[PDB]
Every structure is written in structure tokens, then in C-alpha cells.
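Engineer: build the 3D model from these lines:
(chains A, B, C, D, E and F, ligands or ions: 70)
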Amino acid sequence: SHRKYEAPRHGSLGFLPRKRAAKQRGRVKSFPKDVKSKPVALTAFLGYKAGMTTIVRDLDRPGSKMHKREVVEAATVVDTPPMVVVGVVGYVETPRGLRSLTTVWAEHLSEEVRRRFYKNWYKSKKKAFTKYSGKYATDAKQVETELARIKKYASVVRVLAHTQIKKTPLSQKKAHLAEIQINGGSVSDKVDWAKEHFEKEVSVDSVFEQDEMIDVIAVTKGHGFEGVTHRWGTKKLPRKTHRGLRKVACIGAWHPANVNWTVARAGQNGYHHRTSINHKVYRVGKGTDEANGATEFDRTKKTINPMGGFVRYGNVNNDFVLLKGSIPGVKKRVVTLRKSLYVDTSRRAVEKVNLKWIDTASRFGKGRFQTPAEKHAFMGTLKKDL
Amino acid sequence: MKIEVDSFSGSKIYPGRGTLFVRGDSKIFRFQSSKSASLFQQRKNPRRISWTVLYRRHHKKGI
Amino acid sequence: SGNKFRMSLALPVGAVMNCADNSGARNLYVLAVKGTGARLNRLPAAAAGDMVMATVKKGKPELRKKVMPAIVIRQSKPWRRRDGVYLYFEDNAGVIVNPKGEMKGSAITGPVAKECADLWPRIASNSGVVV
RNA sequence: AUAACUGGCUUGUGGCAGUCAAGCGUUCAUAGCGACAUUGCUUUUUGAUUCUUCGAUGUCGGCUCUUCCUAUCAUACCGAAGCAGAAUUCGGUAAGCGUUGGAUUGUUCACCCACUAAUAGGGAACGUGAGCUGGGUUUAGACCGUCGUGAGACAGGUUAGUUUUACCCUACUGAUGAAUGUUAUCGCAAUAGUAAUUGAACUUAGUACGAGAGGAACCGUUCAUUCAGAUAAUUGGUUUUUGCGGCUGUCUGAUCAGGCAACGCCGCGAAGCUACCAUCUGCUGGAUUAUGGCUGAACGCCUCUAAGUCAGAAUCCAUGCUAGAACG
RNA sequence: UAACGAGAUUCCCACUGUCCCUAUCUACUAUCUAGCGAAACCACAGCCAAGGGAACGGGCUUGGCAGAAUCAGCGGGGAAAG
RNA sequence: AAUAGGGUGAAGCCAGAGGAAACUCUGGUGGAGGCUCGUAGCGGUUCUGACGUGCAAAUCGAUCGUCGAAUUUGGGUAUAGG
Ligand SMILES: O[C@H](c1cc(C(F)(F)F)nc2c(C(F)(F)F)cccc12)[C@@H]1CCCCN1
Ligand SMILES: [Mg+2]
Ligand SMILES: [Mg+2]
Ligand SMILES: [Mg+2]
Ligand SMILES: [Mg+2]
Ligand SMILES: [Mg+2]
Ligand SMILES: [Mg+2]
Ligand SMILES: [Mg+2]
Ligand SMILES: [Mg+2]
Ligand SMILES: [Mg+2]
Ligand SMILES: [Mg+2]
Ligand SMILES: [Mg+2]
Ligand SMILES: [Mg+2]
Ligand SMILES: [Mg+2]
Ligand SMILES: [Mg+2]
Ligand SMILES: [Mg+2]
Ligand SMILES: [Mg+2]
Ligand SMILES: [Mg+2]
Ligand SMILES: [Mg+2]
Ligand SMILES: [Mg+2]
Ligand SMILES: [Mg+2]
Ligand SMILES: [Mg+2]
Ligand SMILES: [Mg+2]
Ligand SMILES: [Mg+2]
Ligand SMILES: [Mg+2]
Ligand SMILES: [Mg+2]
Ligand SMILES: [Mg+2]
Ligand SMILES: [Mg+2]
Ligand SMILES: [Mg+2]
Ligand SMILES: [Mg+2]
Ligand SMILES: [Mg+2]
Ligand SMILES: [Mg+2]
Ligand SMILES: [Mg+2]
Ligand SMILES: [Mg+2]
Ligand SMILES: [Mg+2]
Ligand SMILES: [Mg+2]
Ligand SMILES: [Mg+2]
Ligand SMILES: [Mg+2]
Ligand SMILES: [Mg+2]
Ligand SMILES: [Mg+2]
Ligand SMILES: [Mg+2]
Ligand SMILES: [Mg+2]
Ligand SMILES: [Mg+2]
Ligand SMILES: [Mg+2]
Ligand SMILES: [Mg+2]
Ligand SMILES: [Mg+2]
Ligand SMILES: [Mg+2]
Ligand SMILES: [Mg+2]
Ligand SMILES: [Mg+2]
Ligand SMILES: [Mg+2]
Ligand SMILES: [Mg+2]
Ligand SMILES: [Mg+2]
Ligand SMILES: [Mg+2]
Ligand SMILES: [Mg+2]
Ligand SMILES: [Mg+2]
Ligand SMILES: [Mg+2]
Ligand SMILES: [Mg+2]
Ligand SMILES: [Mg+2]
Ligand SMILES: [Mg+2]
Ligand SMILES: [Mg+2]
Ligand SMILES: [Mg+2]
Ligand SMILES: [Mg+2]
Ligand SMILES: [Mg+2]
Ligand SMILES: [Mg+2]
Ligand SMILES: [Mg+2]
Ligand SMILES: [Mg+2]
Ligand SMILES: [Mg+2]
Ligand SMILES: [Mg+2]
Ligand SMILES: [Mg+2]
Ligand SMILES: [Mg+2]
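Structural biologist: Numbers count the residues shown, from 1 in each chain, chains lettered A, B, ... in the order given. Ligands and ions are numbered 1, 2, ... in the order given. The relevant structure is shown in the block below.
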């Protein structure tokens, strides 16, 4: 017999299996499609999720009931110190897909990136890349030959860059190494750009501009083993049901005499790989600036950091990206910020953002002051102040 | 953006913080958090609540 | 004739709110909400500024025992405005109107939500303090 | 060997669809219908039979959840009208996507109220009881009415009546993992899955159309419904932070400071978790179906078709998203 | 027919997570370990689709396919057990 | 042989007030009842809760009926298979 009443599906069949990600670093499945006429530029950047804050902004959206009026909006802070370029990979188009032809590395790799190749660094002789460093012996023509091979045969060029995780408050010492595709120009131009950028730092302001819509690749918050009620949002059974109520009552008809792949079942929730698109960049802040949190209307010399630091992260002392809304992942998660895969000309995408004010009250409680100076002015002298 | 003042405790309210309460007589009270909001619905007297600004001015402290 | 942002629903079907106009009704019992789509087991629910089909449970006899439109003008369930402010009133109240949104009575006691006054010019006309 | 379920044959009956064309439709068989006849399909009705099961396949309905069919209620695109507009009716490709909240009844069914784009019909052992529930039926108690001399009967009414077991195999959901010299990092992408949906307001515009009454649409803009994936700024909820404060009884001679009251109780309460009870986000190319066309024969004319070809649907395949073959 | 009723039924006020629509917290389990250690049940066993067949197959025929050893859950099947 | 502590307040009795009488009204006292709230006790309504190869071949938890009599109960004794 048919259902007595109709209802939509619980959950999406486009995100199966709801299993743990194979890696904690989210990987860019697809890069922006290459257009030769543009200049040579990076298409992605790696950062660390610091925390969320609040802004106030005047909306510029004609026809809206909030037009030219202040809105209060949630924002995400991504701590993004410059990444270091250490390598370059050439890819060849084959009837079986892209195939990596050759990887050329820089002469000197920093310790934080050489720790990436070790499970037990303290017990090691730290021999990584020593013969390769010897490959640079006084003319390095074998290295130029490999670069020429990349120029001659590669159709897709990606750079190898790692984060400077020592500039973040994280206790982890391993850097995060990722391939970032180079778009624009010919293959020879891309290879020349990579070679001239070996062992150099690349900042966020060279990858992302303000008012851009960008995508975020990250692994979400882990919840462990979870039942159907919260994993899939199914209806709880009546209170008086024997053996419990947080279940799916019928997991299948008699035939097919198997449990179908479409029935909601208990299992692991969270820690999934997600690509979330169209997050607007409200601010590309600079770490050397002492007025990170100041705007053109609030000139209080103020960093982006709340009082007492970001809860369970620390202070953001680097360049940062202020994104609209929420992005996947937890605090301290490595986040991949990718340029958009299409051209959006909608008013939301082309709107120019001017921030009014950034919240810097404590996130560790109902903070009611924006600055220690303001707190002192409000409360006056205390006993501990003498 | 302008900073409001808590009707109960007198502390500054920044954009998005706390709640706004409209009494039956159309009078508007602003609370920065559920602490002062709860004491207000609990009918507490800020002159008798030792930490509010109103209390400190009533007892002439820091003036 | 208006486009209001989503608001926290305050009044499911079966709720009894106060009647804030001098039409002679004292209760307004919600039995439906205009614009409610289909979802299994989900009760229709109204926010401030929503048109509702209601009956008068307590009031004048000629107003009682009939189905009539009404508009919710205030709610005690806190809701967030686009300027970040979470606000709520002491009670849920509405006023009896036409199917066109024109009030039957002609006076409102107490404040009126700005979403409702912005969306219904007649209620704005008959309203005093608008929040 | 034989009844009361399912299943199987059949399809009278139920349901659906054709063809003929006397008539209806101011004229006019075929816009829309269509008598007298006649050909079929279906197994969502009910019969007929008694093939399987009586060393037992748990027999009503509802709740929950998934999927499939199309004979399409809505949504996309279209052809026809007794289509001026608006509305409506007939029809095509279409199951991608949705198809509700309640009063009464144990009900399937029904019947009203109301919202809605719509509140389409069905199947999966008349899906689904080691998933639940147990109102009904259908053990034993009891009452009534009719029937019987009586014990008792009623497919009549009424009330009360134990719903057992998974730790096995498989299948599903997740989680490890030997070996393809070792170990580490970065990758490719075969294959499998897939996702978005609908409405309103403003403008067009009181315009086209129309004697008037009435009264559209494309481009665009702002929002909203249902769904999906995250997130914890804010607000709310939660409190063994037993963090701070308060309170009762009793005990430590009093004070201070504490114990107990099967977390003693109360207010606040960070952090964490979490809510359309909060916020954010949900892509653009190609190929087609119906259909409308081009050139153009067959058939010296004509013809979208025969050769060739254009546009074109919520369709399909990609882009994008999820997994990554643990013997690629 | 006053009073009485763990009797059956309808409405109203209060009340509430019964529900919209779920979330959070505590103890004991479950979990992992040391020790101890059963039972039901068992022709052989255990991947699907269609066919025919005692007319609803794990085995037969034709296809799809198919890679050790496994852990927690689960209740579609074994026309599961009693 | 056993059955906390309360509530209600029947007869009988004492006193006062109002009146010509008939009498009426009021305040105390008293402590009745197969009365009542509620322990011990006896029972076993509902969750159709737990358990349901159990702690148990009928139990456990909360909730509940009754609780001074047609009460509960030990021992002795009688009645024995149509
Ligand atoms: O009294 C028993 C009994 C029967 C039945 C019934 F036949 F209705 F299903 N159900 C019984 C039940 C039941 F499950 F609640 F129905 C419990 C106890 C005994 C039952 C009978 C006595 C004759 C032998 C079979 N069991
Ligand atoms: Mg249906
Ligand atoms: Mg569906
Ligand atoms: Mg949990
Ligand atoms: Mg039960
Ligand atoms: Mg916080
Ligand atoms: Mg709070
Ligand atoms: Mg329901
Ligand atoms: Mg049959
Ligand atoms: Mg037939
Ligand atoms: Mg027939
Ligand atoms: Mg005629
Ligand atoms: Mg039979
Ligand atoms: Mg025979
Ligand atoms: Mg048998
Ligand atoms: Mg049988
Ligand atoms: Mg058997
Ligand atoms: Mg059986
Ligand atoms: Mg069975
Ligand atoms: Mg039967
Ligand atoms: Mg069809
Ligand atoms: Mg149609
Ligand atoms: Mg479908
Ligand atoms: Mg059938
Ligand atoms: Mg059945
Ligand atoms: Mg079953
Ligand atoms: Mg059962
Ligand atoms: Mg059943
Ligand atoms: Mg029953
Ligand atoms: Mg009986
Ligand atoms: Mg007789
Ligand atoms: Mg009964
Ligand atoms: Mg009973
Ligand atoms: Mg594919
Ligand atoms: Mg107009
Ligand atoms: Mg969610
Ligand atoms: Mg304390
Ligand atoms: Mg004490
Ligand atoms: Mg003690
Ligand atoms: Mg004790
Ligand atoms: Mg204690
Ligand atoms: Mg609280
Ligand atoms: Mg909190
Ligand atoms: Mg949206
Ligand atoms: Mg032509
Ligand atoms: Mg054609
Ligand atoms: Mg052709
Ligand atoms: Mg393989
Ligand atoms: Mg692999
Ligand atoms: Mg009795
Ligand atoms: Mg009756
Ligand atoms: Mg099979
Ligand atoms: Mg056959
Ligand atoms: Mg068959
Ligand atoms: Mg069979
Ligand atoms: Mg068969
Ligand atoms: Mg078998
Ligand atoms: Mg075979
Ligand atoms: Mg196993
Ligand atoms: Mg189980
Ligand atoms: Mg089973
Ligand atoms: Mg067996
Ligand atoms: Mg007593
Ligand atoms: Mg008694
Ligand atoms: Mg009693
Ligand atoms: Mg007792
Ligand atoms: Mg008991
Ligand atoms: Mg029970
Ligand atoms: Mg058990
Ligand atoms: Mg005796």
C-alpha cells in the first residue's frame, strides 16, 4: 500500500556516505577553469579558522526594506599568515585523466614543512631532502632540465605551498602543504612564475580582493556515533513506545528483502568534507596594522581580537580574512579558501562592502566593553589598581 | 550605530546585544543580557542590587 | 502589499490571543494562517504582521461563532530584526480586519509591531505607538 | 483431502480506454459530447476455484519510514476551442518535484471546517506488530434485547481484558584491517550517488484586449514556503563549573568553617552542546521529448521529412558536490 | 434518586514536551579490560534480478557480479525462534 | 494477638437571650458513626512502566483502594474427589 500522506525525504542523497573524511585537510576537488588571457595568479589559499564576530554594515540593495539602513551580521575570522612556495608540479592530459609528470622542489625547505614528512620527528635523523638539496650543486642543470620538461609537456601547473603554522597560536608544529593551481598565462609563464617564487612568501592580498565571493573547503565538526533523530532528523516515535523512541520505525518493506541504501540509520555524524560557496570577503586585514578592528567611522585603535583573545584559539596577529556568515569546520581547523568557479554579476556579488563597526567584546561571556580603556573609564579605580 | 543603556543595571548595550522589552503600557526597557532581564522579570529593585550603576549613584560611590 | 523578512512564529493553530481593538471581541482563537504551505504534522503558525483566520471565543454574541480574518499586531515570542535586535512584547494581540486587511473596529490599545504597521497601512492609521 | 489471510489461474463484476456515428451543441456528427452496438486493457473492487501453508507465514486500523508505477491534482514547455481579455475545458512530452492542518468515527471508507500551486490515484506478502500501539475483531468475567423449556445462540449493542526472544547468518549504517620491497607526502579519477522546490508583493499596468464590465504576460527587483548542507557571532534553552549567592531541618559546645537530606531546595550562571526558537550558503554548459520551423523530393504543385537541418521542457548528460576501486 | 465509586462517557477552568519540534543534563548500563561464564537454535548453509517450479528460491536455469580477517549498531530477510 | 496522628461533631447534659402563651434562637459540654484524611497493616487500579532464557514458574518501581471493623492474623480443630 501507498503512504497515507506524502512527505519529503529526510536528508540529502548527494552527501553519502556520511562517513569520516579520509584526511583532515580539505582538498580542492576542482579549481577555476583556466583562461590564458588573464595574468598569472594563485587560485587558492590556506588559512586557520580563528572564530566568529559581529559587524554592523549599511546595506546598499535598492528595493529592500533595509536599504541604506544598518544591519547586524555574523562574520568569520580566518587567520591567514603568508604561505611559502616550495615546489611546482606539472600535469599532463591523458585519456585516463590528468597525470602528474614531475615535481620540482626548492633548495631550502623550512623545518615546519620538513616536519610534514615525519610521524616521529624527534626520533629521526632528519634526512629528508638532503640529497635533493645536493641536487642543486653549483649549476643545478638537472633541475632546470626537469623544469624544461614541465614547460614542454605539462598542461596544468600547480605550485606547492605550505602554511607558516609557527606564526599562529596553534601548538602544532607541522606545516600544512597543499597544491594550489596556477591560472593565467602560458605553461612556460606559469613555470617561470613558480621558479621565481621558490622559497618566497605569498600573501592573501595577492590572492583575494575585497568584496569577492569565495568558497571554503573544510572538514566539519565531529560528533561521533549518532542516532537517526539527530543524524537524519527523523520524527521521534510516541512517548509510550516499547524499547525506545529515537528510531526509524520501518526500515523497509518486506520486498526487496534487503535494507535499502536510502533508509536513515545510526552512524557517524560530522567530520565530513564540505565545499561551501559564495562567502563574501568583508575585510582582508593586515597583521602589521594596529587598527585592525577600526573602520572609517569607528577610529578606535583596536585589533580584530576580542578581550581575552579568541576563545580556544588565541590572538590573530597575522593578516586575516573576514568572511560573511559561517564556514565549515571548527576553531583551529585548516580551511582552504578558493576563488569562485563562475562569474556572478548579481547585486549581492557586486555590492561594495563598507564596514561600520566590528564587535570586539569578550567571547568568553556576556562581554560589555570593547576595550580595556573603556572598561577603566566605566568602572573607575579598583582596589587591585592601587 | 548608537550605544543604548541598560534600564536595570545601566551598562552599555552594543549592536545586537541583549533584548528589548515592550511593556503593556508601551514603555521600552532594554536589557544587555539574561541576567538583568531575569532580575527585571523577577521584580528586583536596582536600588537594592549592589552592583548596578543606579545603586552606586544612590550610595554615592565613584562620584 | 509588502515584503517582510522571516520572523519567529509565535502563534500555532489553537492559540488564543488578546483582541486589541474596540470591535467588542475579547479573545481571538487562531485556526489558520494565510500562506501556510504543506508539511506533514507541522502546525500552521503566525508571526506579527500575518493574516490569520480566527474565531471569537469570548466577546459579543454577534461576533461569536463565526470565521473571520484578523491580523496579529504583537507577539510575546522574541524575534530578531535585521538590525540585530531581539525584541518581544508582554502578550500576543491581534485585530479583526476584512479579507482586504481593513480593520472592522477603529482603535488599537497598546503598541503595534513595526512589521505590522509597515505592512498594513490601516492598522498603522489606527495605531498609536509603533515599535 | 477442507474453510477463515497473502500469493497463483480467470476478469463475470469493479475500474479505465478505443472504434462506428443516430443525435446534442442558435447552424454544425466528431470545440466539447455522444445513444443502439462492438473491440480491448487492468488486477488498486468483489466474485469463482481450492493449487501452497492447519508438528502456526502473528489475522483490522493508525503512527513512523523508504521506494516504485502513471491512468498527471499542482509545477516546466506546448497543440486545440463554441480561446477577444481574465477564467476554464480537451489534448501532448513529461513521475524531476510536491500533494497539508483539524472536528466526529477503532475504522478502511466517509463527511464538514481551513489553508494551499495542489490538497491525484495506486503498489511493494491488501509494505511495515522480535518497529510501536492495541481503540476494533476474535478466548475465558458481566449487562441488555430478540430467540430457545433449557444448557445456550446472535456475523446485534455494551464494559473490563499478560502483545515474549536477536548475542547467529545475511543485508544496511558507520569503523578497523594482512598482502601485493619498506615508509612518508602530494595527487589522478573509473565507478556509484546527487538537489533543490514553489509562492507572493512591487514594476510592466489599470497597459494589451474589450462597447463596457472587467483585465493579462515576458525582462527585472525584494522577500517568502518546503527541502538540503554547515555554523555558535548574537538571542534563547540546557547546568555536576555542584562556580557564586540565598534558604529550611539536623549534626560538629558557640563563632568561623563544614557534613547529611538516595545531586536537599531556589536565583543567576560561563564553557560545551544546541533551535526556521538563531545565523549563513544552495552553480552553468551541452544534447533532446512534445511542439513550432527551413530547404526539399516522393507526387512537374504542395508538404517540418523521405536525405539534410533550426529552435526548444521542471527531461537527459555534463559542470559542480559526496565517496574514492581497501586486488585501479 | 441525596451520598458514595481506582466503574463507562462528554464539555469547561488550571496545568503542562502529549504535540508544533526538538534540544540539553545526571546516575546505571551498553563499550574496552582482568577474572568468571551460560542458553534458545542448528539438514547443509548464507549476495542479488528475472524465469520456471508445490503457482513468493540461499541452492535449479540465464544474467549482474565476486578479494583475507573483522568491531559497534540494526531490525528488511532467514515465509527466524517459542 | 495487632491496628501513629488529625477532621467532622450524633444522643445525653449545663447556661444565656427573646415572649402573655405556644415556644423559638444562641453559647458551651459531650464524644457517636459497618463516617472521613492519612501511617503500620490488608489489597492490587493505572503506567497496558521495568523484567520478560527475570532477583522471581507472578517479582520490582511509582501511582492507587481501604485502614476500628462484614477488619487483619498465628496456632488448634472440622469438612476429602461426582
Ligand atoms: O485461554 C487461553 C487463551 C486463549 C487466547 C485466544 F485464543 F483468544 F487467543 N488468548 C489468550 C491470551 C491472549 F494472548 F491474551 F490472547 C492470554 C492467555 C490465554 C489465552 C486458551 C485456552 C485453551 C487453549 C488455548 N489457550
Ligand atoms: Mg500518494
Ligand atoms: Mg520523494
Ligand atoms: Mg548525544
Ligand atoms: Mg507499552
Ligand atoms: Mg561565547
Ligand atoms: Mg544564556
Ligand atoms: Mg499527524
Ligand atoms: Mg487472488
Ligand atoms: Mg474485467
Ligand atoms: Mg466490465
Ligand atoms: Mg443537430
Ligand atoms: Mg486458499
Ligand atoms: Mg481438484
Ligand atoms: Mg509450517
Ligand atoms: Mg494454517
Ligand atoms: Mg516450522
Ligand atoms: Mg513463527
Ligand atoms: Mg515472519
Ligand atoms: Mg485471518
Ligand atoms: Mg503518460
Ligand atoms: Mg497537463
Ligand atoms: Mg521520484
Ligand atoms: Mg493487491
Ligand atoms: Mg498486510
Ligand atoms: Mg516485521
Ligand atoms: Mg509484536
Ligand atoms: Mg499490523
Ligand atoms: Mg480491546
Ligand atoms: Mg468474552
Ligand atoms: Mg423466554
Ligand atoms: Mg472491548
Ligand atoms: Mg480493568
Ligand atoms: Mg558519474
Ligand atoms: Mg498598478
Ligand atoms: Mg541541522
Ligand atoms: Mg551552596
Ligand atoms: Mg545547615
Ligand atoms: Mg553522618
Ligand atoms: Mg535515607
Ligand atoms: Mg549532598
Ligand atoms: Mg537560565
Ligand atoms: Mg550558553
Ligand atoms: Mg535563503
Ligand atoms: Mg516551404
Ligand atoms: Mg521533429
Ligand atoms: Mg529525417
Ligand atoms: Mg575493483
Ligand atoms: Mg585506493
Ligand atoms: Mg468500595
Ligand atoms: Mg453514554
Ligand atoms: Mg531473488
Ligand atoms: Mg507460474
Ligand atoms: Mg511467478
Ligand atoms: Mg508461497
Ligand atoms: Mg518466482
Ligand atoms: Mg531457505
Ligand atoms: Mg549462477
Ligand atoms: Mg562478525
Ligand atoms: Mg535489536
Ligand atoms: Mg528480519
Ligand atoms: Mg531454520
Ligand atoms: Mg485516627
Ligand atoms: Mg470507614
Ligand atoms: Mg478512609
Ligand atoms: Mg498503607
Ligand atoms: Mg504491584
Ligand atoms: Mg506491562
Ligand atoms: Mg530484555
Ligand atoms: Mg485459621
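
Engineer: now residue B:5, what are its backbone angles?
Structural biologist: phi -120, psi 130 (degrees, to the nearest 10).

Engineer: who does it bridge with?
Structural biologist: Legend: beta-bridge partners of residue B:5 under DSSP bridges are residue B:12.

Engineer: that one against residue B:32, yeah?
Structural biologist: No. Judged on C-beta atoms under 8 Å, residue B:5 makes no contact with residue B:32 at a distance of 9.2 Å. Using the backbone N, CA and C atoms, a C-beta is placed for each residue, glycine as well.

Engineer: wouldn't residue C:15 be in contact with residue C:32 here?
Structural biologist: No. The pair residue C:15 / residue C:32 is not scored as a contact, 11.6 Å apart, by C-beta under 8 Å.

Engineer: give me the more crowded residue out of those two.
Structural biologist: Counted by other C-beta atoms under 10 Å in any protein chain shown, residue C:15 and residue C:32 do not tie: residue C:15 has more neighbours, with 18 against 14.

Engineer: overlap in contacts of residue B:5 and residue B:32?
Structural biologist: Taking C-beta atoms under 8 Å, 6 or more residues apart in numbering or on different chains as the criterion, residue B:5 and residue B:32 both touch B:11, B:12, B:13.

Engineer: the last one and RNA strand F, how far apart?
Structural biologist: Think residue B:13. 47 Å (C-beta to the nearest atom of the strand, to the nearest Å).

Engineer: tally of neighbours for that residue?
Structural biologist: Count around residue B:13 with other C-beta under 10 Å applied: 21.

Engineer: try the second one
Structural biologist: Residue B:12: 16 surrounding residues under other C-beta under 10 Å.

Engineer: again with the first one
Structural biologist: Residue B:11: 21 surrounding residues under other C-beta under 10 Å.

Engineer: in the stretch 1-150 of chain A, which spans are helices?
Structural biologist: A:111-114, A:130-134, A:141-153 (DSSP state H, counting those that start in this stretch).

Engineer: returning to what we had before: list just the nearest of the shared contacts of residue B:5 and residue B:32 to residue A:287.
Structural biologist: Of all the shared contacts of residue B:5 and residue B:32, residue B:12 has the smallest distance to residue A:287: 29.3 Å, by C-beta to C-beta.

Engineer: shouldn't that closest one be in contact with residue B:5?
Structural biologist: Yes. Judged on C-beta under 8 Å, residue B:12 makes contact with residue B:5 at a distance of 6.6 Å.

Engineer: any idea how far chain A is from the closest residue to chain C within chain B?
Structural biologist: Relative to chain C, the nearest point of chain B is residue B:16 (3.4 Å; C-beta to the nearest C-beta). Going from residue B:16 to chain A by C-beta to the nearest C-beta, to the nearest Å gives 4 Å.

Engineer: quick check: neighbours of the lengthiest strand in chain A in the sheet, parallel or antiparallel?
Structural biologist: Secondary structure of chain A per DSSP state E: the longest strand is strand A:44-58. Sheet pairing of strand A:44-58 (DSSP bridges) gives strand A:70-79 (antiparallel), strand A:334-339 (antiparallel), strand A:355-358 (antiparallel).

Engineer: tell me the SS of residue A:348?
Structural biologist: Under DSSP: H, G, I helix; E, B strand; the rest coil, residue A:348 falls in the helix class.

Engineer: mind checking how far the most centrally placed residue in chain C is from residue C:98?
Structural biologist: Nearest to the mean C-alpha position of chain C, by C-alpha atoms, centre = their mean, lies residue C:72 at 0.7 Å. Distance, residue C:72 to residue C:98, using C-beta to C-beta, to the nearest Å: 15 Å.

Engineer: and stretch B:30-47, end to end?
Structural biologist: 17 Å (C-alpha to C-alpha, to the nearest Å).

Engineer: list the buried residues for that stretch?
Structural biologist: B:30, B:31, B:32, B:33, B:36, B:37, B:39, B:40, B:46 (16 or more other C-beta atoms under 10 Å in any protein chain shown).

Engineer: cool, stretch A:107-119 as well?
Structural biologist: So stretch A:107-119, judged by 16+ other C-beta under 10 Å, has buried residues A:109, A:112, A:113, A:114, A:115, A:116.

Engineer: got a list of what the nearest residue to residue A:258 once chain neighbours are set aside touches?
Structural biologist: Spatial nearest neighbour of residue A:258, chain neighbours left out: residue A:252 (7.4 Å); criterion: C-beta to C-beta, 6 or more residues apart in numbering or on different chains. By C-beta under 8 Å, 6+ apart, residue A:252 lies in contact with A:258, A:259, A:260, A:263.

Engineer: pull the contacting residues for the second one.
Structural biologist: The reference is to residue A:259. By C-beta under 8 Å, 6+ apart, the neighbours of residue A:259 are A:251, A:252, A:265.

Engineer: and for residue A:19?
Structural biologist: Contacts of residue A:19 by C-beta under 8 Å, 6+ apart are A:267, A:268, A:272.

Engineer: these, buried ones only, as a ChimeraX selection?
Structural biologist: Buried subset of those, written as a ChimeraX selection, criterion 16+ other C-beta under 10 Å:
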select /A:268,272
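
Engineer: ok, which of the contacts of residue A:19 also contact RNA strand E?
Structural biologist: Restricting these to those near RNA strand E by C-beta under 7 Å from any atom of the strand leaves residue A:267.
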